>>> print(open('start39.txt').read())   # compact mmCIF, C-alpha atoms and all ligand atoms
# COMPACT_ATOMS: atom_id res chain seq x y z
CA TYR A 1 0.00 0.00 0.00
CA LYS A 2 1.20 3.55 -0.64
CA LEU A 3 1.37 6.21 2.05
CA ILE A 4 1.74 9.54 0.28
CA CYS A 5 2.69 12.40 2.57
CA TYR A 6 2.80 16.14 1.88
CA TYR A 7 5.33 18.51 3.46
CA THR A 8 4.67 22.29 3.10
CA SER A 9 7.56 24.73 2.69
CA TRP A 10 5.86 27.57 4.58
CA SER A 11 5.84 25.43 7.74
CA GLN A 12 9.46 26.39 8.38
CA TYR A 13 8.36 29.91 9.36
CA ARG A 14 6.10 28.92 12.26
CA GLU A 15 7.40 30.02 15.65
CA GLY A 16 8.69 27.86 18.44
CA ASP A 17 8.02 24.15 18.22
CA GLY A 18 5.69 24.86 15.30
CA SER A 19 8.73 25.27 13.04
CA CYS A 20 9.07 22.20 10.80
CA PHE A 21 11.94 21.37 8.44
CA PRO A 22 12.23 18.24 6.22
CA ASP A 23 14.90 17.02 8.62
CA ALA A 24 12.10 16.24 11.19
CA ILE A 25 10.54 13.66 8.85
CA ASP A 26 10.98 9.99 9.73
CA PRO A 27 12.43 8.40 6.56
CA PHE A 28 10.57 5.14 7.09
CA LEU A 29 7.18 6.62 7.87
CA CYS A 30 5.80 7.24 4.36
CA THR A 31 6.41 5.61 0.98
CA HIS A 32 6.31 8.90 -0.90
CA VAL A 33 6.91 12.46 0.32
CA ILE A 34 5.73 15.43 -1.72
CA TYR A 35 7.32 18.82 -1.25
CA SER A 36 4.70 21.48 -1.56
CA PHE A 37 4.60 24.14 -3.97
CA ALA A 38 6.88 24.89 -6.76
CA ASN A 39 6.03 27.99 -8.83
CA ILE A 40 5.94 28.59 -12.57
CA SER A 41 7.91 31.59 -13.96
CA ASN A 42 8.43 32.31 -17.65
CA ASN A 43 6.44 29.17 -18.36
CA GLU A 44 9.01 27.04 -16.51
CA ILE A 45 8.90 25.24 -13.19
CA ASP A 46 10.78 27.17 -10.54
CA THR A 47 11.38 27.44 -6.77
CA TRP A 48 9.08 29.39 -4.53
CA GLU A 49 10.82 29.95 -1.21
CA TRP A 50 14.22 31.67 -1.14
CA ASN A 51 15.72 28.64 0.55
CA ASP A 52 13.94 25.88 -1.50
CA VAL A 53 17.13 24.57 -3.09
CA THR A 54 18.47 23.95 0.43
CA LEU A 55 15.24 22.36 1.71
CA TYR A 56 15.04 20.19 -1.44
CA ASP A 57 18.48 18.93 -0.55
CA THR A 58 17.52 18.24 3.08
CA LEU A 59 14.39 16.25 2.06
CA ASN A 60 16.17 14.27 -0.61
CA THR A 61 18.90 13.19 1.84
CA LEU A 62 16.28 11.10 3.70
CA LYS A 63 16.86 8.73 0.85
CA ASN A 64 20.32 8.02 2.08
CA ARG A 65 18.61 6.34 5.02
CA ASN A 66 15.66 4.76 3.18
CA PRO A 67 16.67 4.06 -0.44
CA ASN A 68 13.15 2.89 -1.14
CA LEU A 69 11.65 6.35 -0.37
CA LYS A 70 10.39 8.36 -3.36
CA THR A 71 10.01 12.15 -3.44
CA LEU A 72 7.84 14.36 -5.66
CA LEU A 73 7.65 18.09 -6.11
CA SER A 74 4.12 19.45 -6.30
CA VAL A 75 3.35 22.43 -8.64
CA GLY A 76 0.51 24.81 -8.01
CA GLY A 77 -1.34 24.88 -4.70
CA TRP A 78 -3.92 27.35 -3.27
CA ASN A 79 -1.73 30.42 -3.32
CA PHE A 80 -1.31 29.69 -7.00
CA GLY A 81 -4.11 31.24 -9.02
CA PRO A 82 -5.88 28.59 -11.13
CA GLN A 83 -6.20 31.24 -13.83
CA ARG A 84 -2.45 30.96 -14.17
CA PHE A 85 -2.60 27.23 -14.78
CA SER A 86 -5.37 27.89 -17.16
CA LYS A 87 -3.24 30.29 -19.21
CA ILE A 88 -0.29 27.88 -19.33
CA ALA A 89 -2.30 24.81 -20.33
CA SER A 90 -4.59 26.53 -22.91
CA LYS A 91 -1.77 27.36 -25.36
CA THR A 92 0.11 24.52 -26.97
CA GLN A 93 3.35 26.57 -26.93
CA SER A 94 3.20 27.67 -23.29
CA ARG A 95 2.26 24.10 -22.33
CA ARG A 96 5.22 22.58 -24.20
CA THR A 97 7.63 25.03 -22.68
CA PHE A 98 6.46 24.18 -19.16
CA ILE A 99 6.63 20.45 -19.92
CA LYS A 100 10.12 20.51 -21.38
CA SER A 101 11.50 22.32 -18.35
CA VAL A 102 10.25 19.82 -15.81
CA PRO A 103 12.56 16.79 -16.15
CA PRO A 104 15.89 18.71 -15.95
CA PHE A 105 14.67 20.52 -12.85
CA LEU A 106 13.54 17.36 -11.11
CA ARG A 107 16.80 15.63 -12.03
CA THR A 108 18.95 18.52 -10.81
CA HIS A 109 17.41 18.57 -7.38
CA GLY A 110 16.84 14.84 -6.92
CA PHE A 111 13.09 14.37 -7.13
CA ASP A 112 11.54 11.19 -8.47
CA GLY A 113 8.41 12.77 -9.83
CA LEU A 114 6.04 15.66 -10.27
CA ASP A 115 2.67 16.23 -8.58
CA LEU A 116 0.04 18.48 -10.22
CA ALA A 117 -1.95 20.59 -7.80
CA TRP A 118 -4.16 22.57 -10.19
CA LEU A 119 -6.59 23.58 -7.57
CA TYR A 120 -9.48 23.32 -9.72
CA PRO A 121 -10.12 23.05 -13.35
CA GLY A 122 -13.02 24.98 -14.56
CA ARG A 123 -15.46 23.83 -17.25
CA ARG A 124 -13.35 25.55 -19.89
CA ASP A 125 -10.17 23.82 -18.67
CA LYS A 126 -11.20 20.14 -18.75
CA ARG A 127 -9.76 19.51 -22.24
CA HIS A 128 -6.47 21.29 -21.57
CA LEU A 129 -5.93 19.43 -18.29
CA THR A 130 -6.15 16.23 -20.25
CA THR A 131 -3.61 17.56 -22.73
CA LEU A 132 -1.23 18.65 -19.99
CA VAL A 133 -1.25 15.18 -18.35
CA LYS A 134 -0.95 13.32 -21.65
CA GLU A 135 2.00 15.34 -22.91
CA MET A 136 3.74 15.53 -19.55
CA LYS A 137 3.56 11.73 -19.35
CA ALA A 138 4.86 11.35 -22.93
CA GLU A 139 7.83 13.57 -22.05
CA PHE A 140 8.66 11.53 -18.96
CA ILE A 141 8.54 8.32 -21.05
CA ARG A 142 10.92 9.91 -23.58
CA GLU A 143 13.29 11.15 -20.86
CA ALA A 144 13.55 7.61 -19.46
CA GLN A 145 15.32 6.54 -22.70
CA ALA A 146 18.45 8.17 -21.21
CA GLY A 147 18.73 5.23 -18.83
CA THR A 148 17.44 6.77 -15.63
CA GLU A 149 14.32 5.49 -13.81
CA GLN A 150 11.15 7.03 -15.30
CA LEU A 151 9.73 10.07 -13.51
CA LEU A 152 6.44 9.56 -11.60
CA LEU A 153 3.44 11.74 -12.42
CA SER A 154 0.62 12.35 -9.95
CA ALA A 155 -2.23 14.73 -9.34
CA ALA A 156 -4.26 15.98 -6.42
CA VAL A 157 -7.96 16.02 -7.48
CA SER A 158 -11.13 17.48 -5.96
CA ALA A 159 -13.45 15.05 -4.17
CA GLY A 160 -16.46 17.27 -4.83
CA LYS A 161 -18.93 15.77 -7.33
CA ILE A 162 -19.71 19.07 -9.05
CA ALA A 163 -16.05 20.02 -9.28
CA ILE A 164 -15.24 16.58 -10.68
CA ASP A 165 -17.99 16.67 -13.37
CA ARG A 166 -16.99 20.23 -14.23
CA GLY A 167 -13.14 20.16 -14.64
CA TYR A 168 -11.88 16.58 -15.06
CA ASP A 169 -11.88 13.78 -17.62
CA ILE A 170 -11.21 11.03 -15.09
CA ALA A 171 -11.25 8.14 -17.55
CA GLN A 172 -8.60 9.90 -19.64
CA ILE A 173 -6.18 11.22 -17.03
CA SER A 174 -6.30 8.03 -15.00
CA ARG A 175 -4.45 6.15 -17.71
CA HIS A 176 -1.55 8.59 -17.75
CA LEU A 177 -1.20 9.21 -13.99
CA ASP A 178 0.75 6.94 -11.68
CA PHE A 179 -1.60 7.80 -8.78
CA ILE A 180 -4.49 10.17 -8.07
CA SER A 181 -4.85 11.66 -4.62
CA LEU A 182 -8.43 12.42 -3.66
CA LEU A 183 -8.91 15.54 -1.52
CA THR A 184 -11.51 13.98 0.69
CA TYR A 185 -11.31 16.61 3.43
CA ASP A 186 -12.92 19.69 2.07
CA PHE A 187 -16.60 19.00 2.34
CA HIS A 188 -17.32 22.10 4.49
CA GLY A 189 -15.79 25.36 5.81
CA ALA A 190 -16.90 28.86 6.94
CA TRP A 191 -18.56 28.59 3.43
CA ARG A 192 -21.89 27.55 4.99
CA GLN A 193 -23.20 29.65 7.88
CA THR A 194 -23.55 26.50 9.99
CA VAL A 195 -21.48 23.85 11.79
CA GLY A 196 -20.45 20.67 9.97
CA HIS A 197 -17.62 18.20 9.52
CA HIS A 198 -15.23 18.66 6.60
CA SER A 199 -14.06 15.07 6.33
CA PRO A 200 -16.84 12.60 7.10
CA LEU A 201 -16.36 9.05 5.96
CA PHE A 202 -20.06 8.31 5.43
CA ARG A 203 -23.13 10.37 4.57
CA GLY A 204 -24.78 9.69 7.87
CA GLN A 205 -28.50 8.95 7.64
CA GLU A 206 -29.09 12.27 9.53
CA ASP A 207 -28.37 14.88 6.80
CA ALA A 208 -29.55 14.22 3.22
CA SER A 209 -28.68 17.43 1.32
CA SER A 210 -25.13 16.80 0.10
CA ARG A 212 -25.18 13.15 0.10
CA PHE A 213 -22.16 13.64 -2.15
CA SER A 214 -20.16 15.34 0.62
CA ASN A 215 -18.43 12.39 2.25
CA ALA A 216 -15.37 10.24 1.43
CA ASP A 217 -17.48 7.16 0.55
CA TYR A 218 -19.48 8.88 -2.15
CA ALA A 219 -16.35 10.44 -3.73
CA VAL A 220 -14.51 7.12 -3.82
CA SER A 221 -17.51 5.29 -5.32
CA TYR A 222 -18.04 8.07 -7.87
CA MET A 223 -14.40 8.05 -9.01
CA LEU A 224 -14.56 4.26 -9.41
CA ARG A 225 -17.70 4.60 -11.48
CA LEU A 226 -16.12 7.31 -13.69
CA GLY A 227 -13.35 4.91 -14.65
CA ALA A 228 -10.49 5.54 -12.25
CA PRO A 229 -8.93 2.19 -11.37
CA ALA A 230 -8.82 1.39 -7.69
CA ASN A 231 -5.16 0.60 -7.96
CA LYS A 232 -4.29 4.26 -8.75
CA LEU A 233 -6.66 5.94 -6.29
CA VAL A 234 -5.34 7.29 -3.02
CA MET A 235 -7.68 8.55 -0.28
CA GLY A 236 -6.79 11.83 1.38
CA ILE A 237 -6.70 11.94 5.18
CA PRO A 238 -6.35 15.25 6.95
CA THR A 239 -4.01 15.95 9.78
CA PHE A 240 -5.63 19.29 10.62
CA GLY A 241 -9.06 20.38 11.82
CA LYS A 242 -11.51 23.11 10.95
CA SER A 243 -12.74 25.53 13.58
CA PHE A 244 -15.75 27.75 13.89
CA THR A 245 -16.89 30.53 16.20
CA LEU A 246 -20.35 29.63 17.43
CA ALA A 247 -23.08 32.23 17.03
CA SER A 248 -25.00 30.68 19.92
CA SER A 249 -24.81 28.24 22.81
CA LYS A 250 -26.01 25.56 20.40
CA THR A 251 -23.32 22.84 19.84
CA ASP A 252 -25.15 19.94 18.20
CA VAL A 253 -25.41 19.41 14.46
CA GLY A 254 -26.76 22.43 12.57
CA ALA A 255 -25.73 25.00 15.22
CA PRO A 256 -25.28 28.52 13.84
CA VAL A 257 -21.83 29.84 13.05
CA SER A 258 -20.68 33.49 12.94
CA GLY A 259 -17.35 32.90 11.15
CA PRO A 260 -14.25 30.66 11.38
CA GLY A 261 -12.51 29.97 14.67
CA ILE A 262 -9.73 32.03 16.09
CA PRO A 263 -6.21 31.04 14.98
CA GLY A 264 -3.97 28.61 16.77
CA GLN A 265 -0.82 29.80 18.64
CA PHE A 266 1.44 28.28 16.00
CA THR A 267 -0.40 28.03 12.64
CA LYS A 268 -1.89 31.49 13.01
CA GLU A 269 -4.61 30.95 10.47
CA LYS A 270 -8.29 31.49 11.13
CA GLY A 271 -10.37 28.43 10.44
CA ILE A 272 -7.60 25.83 10.81
CA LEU A 273 -5.78 24.10 13.65
CA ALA A 274 -2.95 21.64 13.44
CA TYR A 275 -3.44 18.31 15.16
CA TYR A 276 -0.82 19.29 17.71
CA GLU A 277 -2.82 22.46 18.47
CA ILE A 278 -6.02 20.41 18.79
CA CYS A 279 -4.38 18.13 21.34
CA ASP A 280 -3.76 21.20 23.49
CA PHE A 281 -7.33 22.45 22.78
CA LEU A 282 -8.93 19.22 23.97
CA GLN A 283 -7.84 19.80 27.59
CA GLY A 284 -11.03 21.46 28.93
CA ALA A 285 -13.18 20.80 25.91
CA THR A 286 -16.15 18.55 25.40
CA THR A 287 -15.58 15.82 22.78
CA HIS A 288 -18.28 14.26 20.66
CA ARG A 289 -18.37 11.92 17.68
CA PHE A 290 -20.71 11.64 14.71
CA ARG A 291 -21.33 7.91 14.90
CA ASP A 292 -22.99 8.07 11.48
CA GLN A 293 -20.09 9.90 9.77
CA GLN A 294 -17.46 8.23 11.98
CA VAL A 295 -15.58 11.43 12.84
CA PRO A 296 -15.16 13.56 16.02
CA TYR A 297 -15.67 17.16 16.90
CA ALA A 298 -14.99 19.17 20.09
CA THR A 299 -16.15 22.42 21.68
CA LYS A 300 -14.77 24.89 24.28
CA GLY A 301 -16.51 28.20 24.99
CA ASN A 302 -17.69 29.54 21.67
CA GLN A 303 -15.19 27.51 19.63
CA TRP A 304 -16.31 24.40 17.67
CA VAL A 305 -13.72 22.10 16.06
CA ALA A 306 -14.09 19.32 13.50
CA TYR A 307 -11.01 17.04 13.42
CA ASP A 308 -9.70 13.52 12.94
CA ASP A 309 -8.08 11.41 15.66
CA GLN A 310 -6.27 8.10 15.79
CA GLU A 311 -9.57 6.25 15.72
CA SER A 312 -11.14 8.08 12.78
CA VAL A 313 -7.90 7.88 10.76
CA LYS A 314 -7.65 4.13 11.40
CA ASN A 315 -11.22 3.79 10.40
CA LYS A 316 -10.62 5.63 7.13
CA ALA A 317 -7.57 3.45 6.55
CA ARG A 318 -9.51 0.20 6.97
CA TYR A 319 -12.17 1.55 4.59
CA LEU A 320 -9.68 2.23 1.83
CA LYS A 321 -8.18 -1.28 2.23
CA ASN A 322 -11.68 -2.85 2.02
CA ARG A 323 -12.20 -0.99 -1.25
CA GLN A 324 -8.75 -2.12 -2.46
CA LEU A 325 -7.50 1.41 -3.13
CA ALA A 326 -3.77 2.02 -3.75
CA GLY A 327 -3.28 3.75 -0.41
CA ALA A 328 -3.68 6.88 1.61
CA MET A 329 -2.45 10.42 1.26
CA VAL A 330 -1.88 12.57 4.34
CA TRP A 331 -2.25 16.30 4.18
CA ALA A 332 0.56 17.71 5.99
CA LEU A 333 3.27 15.99 8.02
CA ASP A 334 3.93 19.43 9.50
CA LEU A 335 0.38 19.56 10.86
CA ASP A 336 0.62 16.18 12.61
CA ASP A 337 2.38 16.10 16.00
CA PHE A 338 5.81 15.76 14.31
CA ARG A 339 7.73 16.54 17.51
CA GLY A 340 5.54 14.12 19.38
CA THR A 341 5.46 16.37 22.47
CA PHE A 342 1.95 17.93 22.38
CA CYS A 343 -0.21 14.84 22.21
CA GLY A 344 0.04 12.74 25.39
CA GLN A 345 1.54 9.48 24.17
CA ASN A 346 5.29 9.50 23.49
CA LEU A 347 5.01 9.06 19.78
CA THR A 348 6.19 11.07 16.79
CA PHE A 349 3.48 11.56 13.99
CA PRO A 350 0.58 9.90 15.85
CA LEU A 351 -1.97 10.35 13.03
CA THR A 352 0.31 9.35 10.17
CA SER A 353 1.64 6.41 12.23
CA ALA A 354 -1.88 5.12 12.98
CA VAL A 355 -2.53 5.09 9.23
CA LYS A 356 0.71 3.28 8.46
CA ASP A 357 -0.01 0.58 11.10
CA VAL A 358 -3.41 -0.27 9.61
CA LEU A 359 -1.88 -0.31 6.17
CA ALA A 360 0.98 -2.56 7.36
CA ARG A 361 -1.70 -5.14 8.23
CA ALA A 362 -3.25 -7.57 5.77
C1 LIG B 401 5.90 32.93 -9.18
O1 LIG B 401 6.33 33.30 -10.46
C2 LIG B 401 5.62 34.43 -10.95
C3 LIG B 401 5.94 34.67 -12.42
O2 LIG B 401 7.31 35.00 -12.52
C4 LIG B 401 5.95 35.68 -10.14
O3 LIG B 401 5.05 36.71 -10.50
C5 LIG B 401 5.65 37.87 -11.14
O4 LIG B 401 6.24 38.93 -10.46
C6 LIG B 401 6.81 39.99 -11.14
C7 LIG B 401 7.98 40.52 -10.30
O5 LIG B 401 7.83 40.11 -8.95
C8 LIG B 401 5.58 40.84 -11.04
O6 LIG B 401 5.81 42.14 -11.52
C9 LIG B 401 4.56 40.10 -11.87
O7 LIG B 401 3.36 40.83 -11.86
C10 LIG B 401 4.35 38.69 -11.32
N1 LIG B 401 3.39 38.00 -12.19
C11 LIG B 401 2.66 36.95 -11.78
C12 LIG B 401 1.71 36.31 -12.76
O8 LIG B 401 2.74 36.48 -10.64
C13 LIG B 401 5.81 35.35 -8.65
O9 LIG B 401 6.41 36.34 -7.85
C14 LIG B 401 6.43 34.00 -8.25
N2 LIG B 401 6.11 33.75 -6.85
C15 LIG B 401 6.95 33.55 -5.85
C16 LIG B 401 8.40 33.38 -6.12
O10 LIG B 401 6.55 33.47 -4.68
>>> encode(input="start39.txt", output="structure tokens", more="lines below")
Ligand SMILES: *[C@@H]1O[C@H](CO)[C@@H](O[C@@H]2O[C@H](CO)[C@@H](O)[C@H](O)[C@H]2NC(C)=O)[C@H](O)[C@H]1NC(C)=O
Amino acid sequence: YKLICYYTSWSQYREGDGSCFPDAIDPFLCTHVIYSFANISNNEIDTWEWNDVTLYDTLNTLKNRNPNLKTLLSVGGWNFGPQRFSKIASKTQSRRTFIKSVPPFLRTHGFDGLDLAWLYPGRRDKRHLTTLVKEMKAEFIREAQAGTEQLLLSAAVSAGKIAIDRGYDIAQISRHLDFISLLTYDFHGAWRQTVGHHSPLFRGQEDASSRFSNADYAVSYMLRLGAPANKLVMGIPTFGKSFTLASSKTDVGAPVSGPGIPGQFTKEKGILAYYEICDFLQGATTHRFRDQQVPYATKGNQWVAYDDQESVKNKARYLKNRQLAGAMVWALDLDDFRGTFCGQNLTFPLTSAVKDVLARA
């Protein structure tokens, strides 16, 4: 089974123990580590952070300890306007320029592959996305003639039904991609003026509006659209989503006034790292959607939807039962990587729980 793990370059800037460098990553934890977010300048892949070349080097030296480990560099991301991808992919000449520049860059810095994070193809982009994947893959096949192991090609894809139908030709891109990571953790957010879980496993016979907003539906849908199980990877979040309650109501459907206040370390409204959640739990009330199989917690006027060891193990057993290729974990730097915030004396408690289930039959 694959265990695909993202590392984000901006995590280095967090203060105190929040600061995370590639050097903190256990080489034997994941099968694949993806460094997050390369830029595109002059229609060519390029670094983003001033010290990326150094961090690339730190990450890729984990392979001196685990020669089986593969690394990928992901292009795009949220702070990368999709309009920009759109421009690049729409023109055969801009597209070819971007594609030709990829292999030499990956080779220079020691990556084994490229991950596409076009955070969302519009209706007018579907066709060009297909072209980008096709031609990128053809170029990697050509480059392998030089005698070096063929570069891997992956993509991070929306798990939202409407977004899927709108921007992706799943049957087509699936045959050119080595794996497809499903972003099965964005089924809610401030977005809706009410409380809800962003990463439910099942629909839960309670709510019946966006029956499509759960991991199970997305997986089933992808399989039906033609993505082979053996290339599908289910995304598992290592962060939580917070909300500021508009009332004393805590149960499902409770009114929300906006996102929660930022954590001490991640400093971003609406999100908390798992290590920040562990600190938050002391004094909070914990609940669990038995239907959806995921927990939430509340303290004062703050409501948090998150995943714990149990929910992550549960998701991991599900993916095995469906014979998927593995799991993807969004953000090693958001898990308790120091292993000093969450009781138990364990580094990467969430990611490790996933690996253990996967290690089993
Ligand atoms: C990502 O690359 C783009 C394209 O080179 C950079 O954006 C350009 O910045 C120049 C000079 O800073 C500006 O005048 C342009 O308006 C920018 N254009 C676009 C489309 O972004 C961008 O700075 C890079 N991002 C990094 C390194 O964080």
>>> atom_distance(input="start39.txt", atom1="CA of residue 27 (chain A)", atom2="CA of residue 60 (chain A)")
10.0 Å
>>> residues_near_ligand(input="start39.txt", ligand="ligand LIG 401 (chain B)", cutoff="8 Å", atoms="all atoms listed in the file", output="MDAnalysis selection string")
chainID A and resid 39:42 46:50 84
>>> closest_residue(input="start39.txt", among="A:169, A:115, A:186, A:309", to="residue 4 (chain A)", atoms="only C-alpha atoms")
A:115
>>> residues_around(input="start39.txt", residues="residue 51 (chain A)", least_positions_apart="2", cutoff="12 Å", atoms="only C-alpha atoms", output="list in words")
residues 9, 10, 12, 13, 21, 47, 48, 49, 53, 54, 55, 56, 57 and 58 of chain A
>>> atom_distance(input="start39.txt", atom1="CA of residue 157 (chain A)", atom2="CA of residue 190 (chain A)")
21.3 Å
>>> closest_residue(input="start39.txt", among="A:208, A:182, A:171, A:195", to="residue 254 (chain A)", atoms="all atoms listed in the file")
A:195
>>> closest_residue(input="start39.txt", among="A:180, A:3, A:102, A:164", to="residue 231 (chain A)", atoms="only C-alpha atoms")
A:180
>>> closest_residue(input="start39.txt", among="A:35, A:185, A:28, A:342", to="residue 239 (chain A)", atoms="all atoms listed in the file")
A:185
>>> residues_around(input="start39.txt", residues="residue 276 (chain A)", least_positions_apart="2", cutoff="6 Å", atoms="all atoms listed in the file", output="PyMOL selection string")
chain A and resi 274+278-279+337+342
>>> residues_near_point(input="start39.txt", point="(-3.4, -8.8, 6.1)", cutoff="12 Å", atoms="only C-alpha atoms", output="PDB file with C-alpha atoms, keeping the file's coordinate frame")
ATOM      1  CA  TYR A   1       0.000   0.000   0.000  1.00  0.00           C
ATOM      2  CA  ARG A 318      -9.510   0.200   6.970  1.00  0.00           C
ATOM      3  CA  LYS A 321      -8.180  -1.280   2.230  1.00  0.00           C
ATOM      4  CA  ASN A 322     -11.680  -2.850   2.020  1.00  0.00           C
ATOM      5  CA  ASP A 357      -0.010   0.580  11.100  1.00  0.00           C
ATOM      6  CA  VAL A 358      -3.410  -0.270   9.610  1.00  0.00           C
ATOM      7  CA  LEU A 359      -1.880  -0.310   6.170  1.00  0.00           C
ATOM      8  CA  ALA A 360       0.980  -2.560   7.360  1.00  0.00           C
ATOM      9  CA  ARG A 361      -1.700  -5.140   8.230  1.00  0.00           C
ATOM     10  CA  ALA A 362      -3.250  -7.570   5.770  1.00  0.00           C
TER      11      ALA A 362
END
>>> closest_residue(input="start39.txt", among="A:86, A:150, A:303, A:221", to="residue 273 (chain A)", atoms="all atoms listed in the file")
A:303
>>> residues_around(input="start39.txt", residues="residue 272 (chain A)", least_positions_apart="4", cutoff="7 Å", atoms="all atoms listed in the file", output="list in words")
residues 240, 241, 242, 243 and 263 of chain A
